[PDB]
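Have a look at target08.txt below; it lists compact mmCIF, N, CA and C atoms.
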# COMPACT_ATOMS: atom_id res chain seq x y z
N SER N 1856 59.01 16.67 48.06
CA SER N 1856 58.40 15.90 49.23
C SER N 1856 59.11 14.57 49.21
N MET N 1857 58.61 13.58 49.98
CA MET N 1857 59.20 12.20 49.96
C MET N 1857 59.35 11.57 48.59
N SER N 1858 60.62 11.23 48.21
CA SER N 1858 60.91 10.62 46.90
C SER N 1858 60.59 11.57 45.68
N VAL N 1859 60.54 12.85 45.97
CA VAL N 1859 60.25 13.92 44.92
C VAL N 1859 61.17 15.05 45.11
N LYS N 1860 62.23 15.08 44.28
CA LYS N 1860 63.25 16.13 44.38
C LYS N 1860 63.50 16.88 43.11
N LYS N 1861 63.61 18.20 43.21
CA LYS N 1861 64.19 19.04 42.14
C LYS N 1861 65.56 18.52 41.74
N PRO N 1862 65.97 18.78 40.51
CA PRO N 1862 67.32 18.39 40.07
C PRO N 1862 68.46 18.94 41.01
N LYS N 1863 69.50 18.10 41.26
CA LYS N 1863 70.58 18.40 42.26
C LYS N 1863 71.54 19.49 41.71
N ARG N 1864 71.36 20.76 42.14
CA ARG N 1864 72.38 21.84 42.01
C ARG N 1864 73.77 21.46 42.60
N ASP N 1865 74.84 21.70 41.83
CA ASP N 1865 76.18 21.25 42.22
C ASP N 1865 76.67 22.26 43.27
N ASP N 1866 76.73 21.80 44.52
CA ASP N 1866 77.20 22.64 45.64
C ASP N 1866 78.64 22.30 46.08
N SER N 1867 79.34 21.45 45.32
CA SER N 1867 80.69 20.97 45.68
C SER N 1867 81.84 22.02 45.74
N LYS N 1868 81.67 23.11 45.03
CA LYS N 1868 82.58 24.24 44.99
C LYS N 1868 82.17 25.44 45.89
N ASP N 1869 81.06 25.29 46.60
CA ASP N 1869 80.51 26.45 47.37
C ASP N 1869 81.54 26.91 48.41
N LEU N 1870 82.12 25.94 49.14
CA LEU N 1870 83.10 26.24 50.21
C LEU N 1870 84.28 27.05 49.71
N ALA N 1871 84.88 26.62 48.60
CA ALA N 1871 85.92 27.33 47.96
C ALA N 1871 85.53 28.67 47.45
N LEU N 1872 84.37 28.75 46.82
CA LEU N 1872 83.91 30.00 46.28
C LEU N 1872 83.56 31.08 47.43
N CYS N 1873 82.92 30.61 48.51
CA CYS N 1873 82.66 31.55 49.68
C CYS N 1873 84.01 32.06 50.26
N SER N 1874 85.02 31.17 50.29
CA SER N 1874 86.35 31.54 50.76
C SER N 1874 86.96 32.64 49.90
N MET N 1875 86.81 32.54 48.57
CA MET N 1875 87.31 33.52 47.66
C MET N 1875 86.61 34.87 47.80
N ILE N 1876 85.29 34.87 47.94
CA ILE N 1876 84.56 36.07 48.25
C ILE N 1876 85.08 36.73 49.55
N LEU N 1877 85.22 35.93 50.57
CA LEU N 1877 85.58 36.43 51.91
C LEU N 1877 86.97 37.05 51.81
N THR N 1878 87.88 36.38 51.01
CA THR N 1878 89.22 36.96 50.78
C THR N 1878 89.15 38.33 50.14
N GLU N 1879 88.27 38.55 49.17
CA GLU N 1879 88.09 39.75 48.50
C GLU N 1879 87.50 40.85 49.44
N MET N 1880 86.63 40.42 50.37
CA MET N 1880 86.07 41.37 51.36
C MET N 1880 87.20 41.76 52.36
N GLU N 1881 88.00 40.80 52.83
CA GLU N 1881 89.14 41.02 53.71
C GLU N 1881 90.15 42.03 53.18
N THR N 1882 90.36 42.05 51.88
CA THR N 1882 91.40 42.84 51.28
C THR N 1882 90.89 44.16 50.74
N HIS N 1883 89.61 44.46 50.79
CA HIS N 1883 89.05 45.73 50.38
C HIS N 1883 89.58 46.84 51.33
N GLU N 1884 89.89 48.00 50.77
CA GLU N 1884 90.41 49.08 51.61
C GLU N 1884 89.43 49.58 52.69
N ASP N 1885 88.12 49.40 52.53
CA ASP N 1885 87.15 49.82 53.48
C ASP N 1885 86.72 48.67 54.49
N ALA N 1886 87.48 47.62 54.56
CA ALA N 1886 87.19 46.48 55.41
C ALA N 1886 87.59 46.75 56.88
N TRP N 1887 88.46 47.75 57.13
CA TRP N 1887 89.05 47.95 58.48
C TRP N 1887 88.08 47.99 59.66
N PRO N 1888 86.85 48.54 59.52
CA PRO N 1888 85.94 48.43 60.69
C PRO N 1888 85.43 47.04 61.08
N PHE N 1889 85.64 46.06 60.15
CA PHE N 1889 84.96 44.75 60.12
C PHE N 1889 85.95 43.59 60.27
N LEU N 1890 87.25 43.84 60.31
CA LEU N 1890 88.25 42.75 60.28
C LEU N 1890 88.27 41.91 61.54
N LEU N 1891 88.00 42.56 62.67
CA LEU N 1891 88.11 41.95 63.97
C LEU N 1891 86.87 42.20 64.79
N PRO N 1892 86.59 41.36 65.81
CA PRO N 1892 85.44 41.65 66.65
C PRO N 1892 85.56 43.03 67.39
N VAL N 1893 84.44 43.70 67.50
CA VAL N 1893 84.36 44.97 68.24
C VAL N 1893 84.76 44.67 69.69
N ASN N 1894 85.57 45.56 70.30
CA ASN N 1894 86.10 45.27 71.68
C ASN N 1894 85.00 45.71 72.69
N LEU N 1895 84.32 44.72 73.23
CA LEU N 1895 83.17 44.94 74.09
C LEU N 1895 83.49 45.57 75.41
N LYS N 1896 84.75 45.48 75.84
CA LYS N 1896 85.22 46.22 77.02
C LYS N 1896 85.45 47.68 76.70
N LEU N 1897 85.81 48.02 75.46
CA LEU N 1897 86.23 49.38 75.16
C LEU N 1897 85.27 50.20 74.40
N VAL N 1898 84.13 49.65 73.98
CA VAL N 1898 83.14 50.42 73.21
C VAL N 1898 81.82 50.42 73.95
N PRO N 1899 81.60 51.51 74.74
CA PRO N 1899 80.31 51.67 75.44
C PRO N 1899 79.10 51.45 74.57
N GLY N 1900 78.15 50.72 75.10
CA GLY N 1900 76.86 50.47 74.49
C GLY N 1900 76.80 49.26 73.57
N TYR N 1901 77.97 48.85 73.05
CA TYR N 1901 77.96 47.73 72.02
C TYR N 1901 77.40 46.42 72.48
N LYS N 1902 77.84 46.01 73.68
CA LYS N 1902 77.47 44.73 74.24
C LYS N 1902 75.95 44.63 74.44
N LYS N 1903 75.38 45.67 75.05
CA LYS N 1903 73.91 45.69 75.28
C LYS N 1903 73.03 45.84 74.04
N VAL N 1904 73.48 46.69 73.13
CA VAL N 1904 72.70 46.99 71.97
C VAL N 1904 72.77 45.94 70.86
N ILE N 1905 73.95 45.40 70.62
CA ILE N 1905 74.14 44.49 69.40
C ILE N 1905 74.09 43.05 69.88
N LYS N 1906 72.96 42.43 69.66
CA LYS N 1906 72.69 41.18 70.33
C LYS N 1906 73.57 40.03 69.74
N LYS N 1907 73.91 40.15 68.45
CA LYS N 1907 74.74 39.15 67.81
C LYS N 1907 75.91 39.77 67.03
N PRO N 1908 77.01 40.02 67.69
CA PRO N 1908 78.19 40.63 67.04
C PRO N 1908 78.72 39.68 65.98
N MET N 1909 79.25 40.25 64.90
CA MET N 1909 79.85 39.39 63.84
C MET N 1909 80.91 40.23 63.15
N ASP N 1910 81.95 39.59 62.65
CA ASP N 1910 83.09 40.30 62.00
C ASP N 1910 83.75 39.30 61.01
N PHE N 1911 84.62 39.81 60.11
CA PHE N 1911 85.20 38.93 59.07
C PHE N 1911 86.07 37.84 59.63
N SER N 1912 86.83 38.10 60.71
CA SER N 1912 87.71 37.05 61.26
C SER N 1912 86.92 35.88 61.88
N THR N 1913 85.77 36.15 62.49
CA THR N 1913 84.87 35.20 63.09
C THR N 1913 84.19 34.39 61.95
N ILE N 1914 83.84 35.05 60.85
CA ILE N 1914 83.29 34.33 59.67
C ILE N 1914 84.37 33.39 59.12
N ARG N 1915 85.59 33.92 58.99
CA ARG N 1915 86.71 33.08 58.47
C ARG N 1915 86.93 31.83 59.31
N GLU N 1916 86.91 31.96 60.63
CA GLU N 1916 87.11 30.82 61.51
C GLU N 1916 85.92 29.81 61.40
N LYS N 1917 84.69 30.32 61.31
CA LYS N 1917 83.51 29.48 61.17
C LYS N 1917 83.60 28.71 59.82
N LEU N 1918 83.99 29.41 58.77
CA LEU N 1918 84.12 28.83 57.44
C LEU N 1918 85.18 27.69 57.42
N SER N 1919 86.36 28.01 57.91
CA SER N 1919 87.45 27.06 57.99
C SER N 1919 87.20 25.83 58.86
N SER N 1920 86.19 25.79 59.71
CA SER N 1920 85.98 24.75 60.70
C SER N 1920 84.65 24.07 60.50
N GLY N 1921 84.10 24.22 59.27
CA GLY N 1921 82.80 23.57 58.95
C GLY N 1921 81.63 23.90 59.75
N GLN N 1922 81.56 25.17 60.19
CA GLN N 1922 80.41 25.60 60.93
C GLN N 1922 79.28 26.31 60.11
N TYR N 1923 79.49 26.46 58.80
CA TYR N 1923 78.41 26.84 57.87
C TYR N 1923 77.81 25.55 57.18
N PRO N 1924 76.56 25.26 57.47
CA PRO N 1924 75.93 24.11 56.80
C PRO N 1924 75.68 24.34 55.34
N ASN N 1925 75.54 25.60 54.88
CA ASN N 1925 75.31 25.81 53.46
C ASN N 1925 75.66 27.29 53.11
N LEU N 1926 75.66 27.62 51.81
CA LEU N 1926 76.10 28.98 51.40
C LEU N 1926 75.11 30.08 51.95
N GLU N 1927 73.85 29.77 52.22
CA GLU N 1927 72.95 30.79 52.76
C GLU N 1927 73.27 31.21 54.21
N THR N 1928 73.73 30.26 55.02
CA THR N 1928 74.08 30.59 56.39
C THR N 1928 75.33 31.47 56.35
N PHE N 1929 76.21 31.28 55.37
CA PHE N 1929 77.38 32.15 55.21
C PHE N 1929 76.97 33.59 54.87
N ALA N 1930 76.06 33.71 53.90
CA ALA N 1930 75.57 35.09 53.50
C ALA N 1930 74.86 35.77 54.67
N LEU N 1931 74.14 35.02 55.49
CA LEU N 1931 73.42 35.61 56.63
C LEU N 1931 74.44 36.29 57.64
N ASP N 1932 75.55 35.63 57.91
CA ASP N 1932 76.59 36.20 58.78
C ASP N 1932 77.25 37.42 58.14
N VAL N 1933 77.52 37.38 56.81
CA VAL N 1933 78.16 38.54 56.17
C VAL N 1933 77.15 39.74 56.34
N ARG N 1934 75.89 39.49 56.02
CA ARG N 1934 74.83 40.58 56.08
C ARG N 1934 74.71 41.10 57.53
N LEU N 1935 74.81 40.21 58.52
CA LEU N 1935 74.80 40.59 59.94
C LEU N 1935 75.85 41.60 60.27
N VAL N 1936 77.07 41.48 59.71
CA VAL N 1936 78.13 42.42 59.92
C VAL N 1936 77.61 43.82 59.49
N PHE N 1937 76.98 43.90 58.32
CA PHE N 1937 76.51 45.22 57.84
C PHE N 1937 75.28 45.77 58.49
N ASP N 1938 74.41 44.90 58.93
CA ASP N 1938 73.23 45.27 59.68
C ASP N 1938 73.58 45.74 61.05
N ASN N 1939 74.53 45.06 61.70
CA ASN N 1939 75.11 45.62 62.97
C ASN N 1939 75.70 47.00 62.80
N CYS N 1940 76.45 47.19 61.72
CA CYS N 1940 77.12 48.46 61.48
C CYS N 1940 76.06 49.58 61.36
N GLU N 1941 75.01 49.31 60.62
CA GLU N 1941 73.94 50.35 60.44
C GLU N 1941 73.21 50.62 61.75
N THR N 1942 73.06 49.61 62.57
CA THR N 1942 72.39 49.82 63.88
C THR N 1942 73.17 50.80 64.82
N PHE N 1943 74.47 50.74 64.78
CA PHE N 1943 75.35 51.45 65.68
C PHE N 1943 76.00 52.73 65.16
N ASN N 1944 76.00 52.95 63.83
CA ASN N 1944 76.80 54.01 63.24
C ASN N 1944 75.90 54.90 62.35
N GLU N 1945 76.08 56.20 62.51
CA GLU N 1945 75.39 57.12 61.61
C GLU N 1945 75.83 56.83 60.14
N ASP N 1946 74.86 56.96 59.21
CA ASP N 1946 75.17 56.95 57.73
C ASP N 1946 76.28 57.92 57.33
N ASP N 1947 76.25 59.15 57.89
CA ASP N 1947 77.25 60.16 57.60
C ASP N 1947 78.42 60.07 58.59
N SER N 1948 79.17 58.98 58.51
CA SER N 1948 80.40 58.74 59.30
C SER N 1948 81.30 57.87 58.46
N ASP N 1949 82.59 57.82 58.75
CA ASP N 1949 83.48 57.01 57.96
C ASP N 1949 83.03 55.52 58.04
N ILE N 1950 82.71 55.07 59.25
CA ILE N 1950 82.32 53.64 59.44
C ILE N 1950 81.00 53.36 58.79
N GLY N 1951 80.04 54.30 58.88
CA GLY N 1951 78.70 54.14 58.35
C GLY N 1951 78.84 54.00 56.80
N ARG N 1952 79.64 54.84 56.17
CA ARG N 1952 79.89 54.78 54.72
C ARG N 1952 80.61 53.48 54.32
N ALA N 1953 81.58 53.08 55.13
CA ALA N 1953 82.30 51.83 54.91
C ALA N 1953 81.30 50.70 54.85
N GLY N 1954 80.37 50.65 55.78
CA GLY N 1954 79.41 49.49 55.78
C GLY N 1954 78.55 49.43 54.56
N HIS N 1955 78.05 50.60 54.15
CA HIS N 1955 77.29 50.62 52.88
C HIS N 1955 78.08 50.19 51.72
N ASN N 1956 79.33 50.67 51.57
CA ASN N 1956 80.19 50.32 50.46
C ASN N 1956 80.46 48.81 50.42
N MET N 1957 80.82 48.25 51.61
CA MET N 1957 81.09 46.80 51.66
C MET N 1957 79.89 45.93 51.37
N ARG N 1958 78.73 46.30 51.84
CA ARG N 1958 77.50 45.58 51.57
C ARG N 1958 77.23 45.51 50.07
N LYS N 1959 77.32 46.68 49.42
CA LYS N 1959 77.30 46.68 47.92
C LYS N 1959 78.29 45.79 47.23
N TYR N 1960 79.58 45.85 47.62
CA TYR N 1960 80.61 45.06 47.07
C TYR N 1960 80.26 43.58 47.23
N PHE N 1961 79.82 43.21 48.45
CA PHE N 1961 79.44 41.82 48.70
C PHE N 1961 78.29 41.32 47.81
N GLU N 1962 77.23 42.09 47.73
CA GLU N 1962 76.00 41.68 47.10
C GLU N 1962 76.25 41.46 45.60
N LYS N 1963 77.14 42.27 45.01
CA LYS N 1963 77.50 42.03 43.60
C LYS N 1963 78.28 40.74 43.40
N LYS N 1964 79.30 40.48 44.24
CA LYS N 1964 80.08 39.27 44.13
C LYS N 1964 79.19 38.06 44.36
N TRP N 1965 78.22 38.19 45.27
CA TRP N 1965 77.33 37.12 45.59
C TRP N 1965 76.44 36.71 44.35
N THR N 1966 75.78 37.68 43.77
CA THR N 1966 74.98 37.55 42.54
C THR N 1966 75.82 37.02 41.38
N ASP N 1967 77.00 37.58 41.14
CA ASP N 1967 77.83 37.14 40.03
C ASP N 1967 78.40 35.74 40.20
N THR N 1968 78.67 35.31 41.44
CA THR N 1968 79.26 33.99 41.64
C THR N 1968 78.20 32.85 41.61
N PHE N 1969 77.00 33.13 42.10
CA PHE N 1969 75.99 32.13 42.43
C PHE N 1969 74.61 32.30 41.72
N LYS N 1970 74.18 33.52 41.38
CA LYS N 1970 72.86 33.76 40.75
C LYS N 1970 72.93 33.89 39.21

Exercise: express the given structure as structure tokens:
Amino acid sequence: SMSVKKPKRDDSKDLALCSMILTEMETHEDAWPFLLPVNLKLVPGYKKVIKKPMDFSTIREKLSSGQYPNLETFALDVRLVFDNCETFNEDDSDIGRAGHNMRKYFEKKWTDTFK
């Protein structure tokens, strides 16, 4: 509350560390469905159904331009990519499997780097 604060967690390396995670997600072999924004002209139903599209290149640009106020807003966008994928793709599809695999990969790096 006013003049009452928990001890200050060092957040000075968060930007660099989120960048390193994102690099590792970018270079994973199952990243291909997620590298670029979904083409809303060419994929029927996407625009109407997925209210907030998100992809790794859009996260990279937001990261590089100071549009994440803290490491939690960064994780929320990464999770959005996978939640969108599950909304639109059957579990038993190459893309559906890719999303599950990447979400796992992310959540481990997240826990190991920060928790």

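Atom pair atom CA of residue N:1954 / atom CA of residue N:1934: separated by 10.0 Å.
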
query = Which neighbours of residue N:1907 fall inside 8 Å, counting only N, CA and C atoms, when residues of the same chain fewer than 4 positions from it are skipped, and could you give them as a ChimeraX atom specification?
reply = /N:1902,1935-1936,1939

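In this structure, atom N of residue N:1921 sits 28.5 Å away from atom N of residue N:1904.
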
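Of the residues listed (N:1862, N:1892, N:1900, N:1924), N:1900 shows the shortest atom-to-atom separation from residue N:1942; distances use only C-alpha atoms.
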
DSSP-assigned helix (DSSP H, G or I) among chain N, expressed as JSON, numbers by chain = {"N": [1869, 1870, 1871, 1872, 1873, 1874, 1875, 1876, 1877, 1878, 1879, 1880, 1881, 1901, 1902, 1903, 1904, 1911, 1912, 1913, 1914, 1915, 1916, 1917, 1918, 1919, 1926, 1927, 1928, 1929, 1930, 1931, 1932, 1933, 1934, 1935, 1936, 1937, 1938, 1939, 1940, 1941, 1942, 1943, 1949, 1950, 1951, 1952, 1953, 1954, 1955, 1956, 1957, 1958, 1959, 1960, 1961, 1962, 1963, 1964, 1965, 1966, 1967, 1968, 1969]}

query = Suppose you want the space between atom CA of residue N:1860 and atom CA of residue N:1967; what is it in Å?
reply = 25.9 Å

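Remark: for residue N:1889, the closest of the candidate residues N:1940, N:1874, N:1970, N:1911 is N:1911 (distances computed over only N, CA and C atoms).
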
query = Of the residues N:1869, N:1915, N:1953, N:1962, which is the one nearest to residue N:1884, using all atoms listed in the file?
reply = N:1953

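All protein, DNA and RNA residues at most 6 Å from (78.7, 37.0, 59.9) are residues 1909, 1910, 1914, 1932, 1933, 1935 and 1936 of chain N, using only C-alpha atoms.
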
Could you give me the axis-aligned bounding box of stretch 1910-1918 of chain N, with 3 Å of padding per side, as centre plus edge lengths in Å to one decimal, as JSON?
{"center_x": 84.8, "center_y": 34.0, "center_z": 60.3, "size_x": 11.8, "size_y": 18.6, "size_z": 11.7}
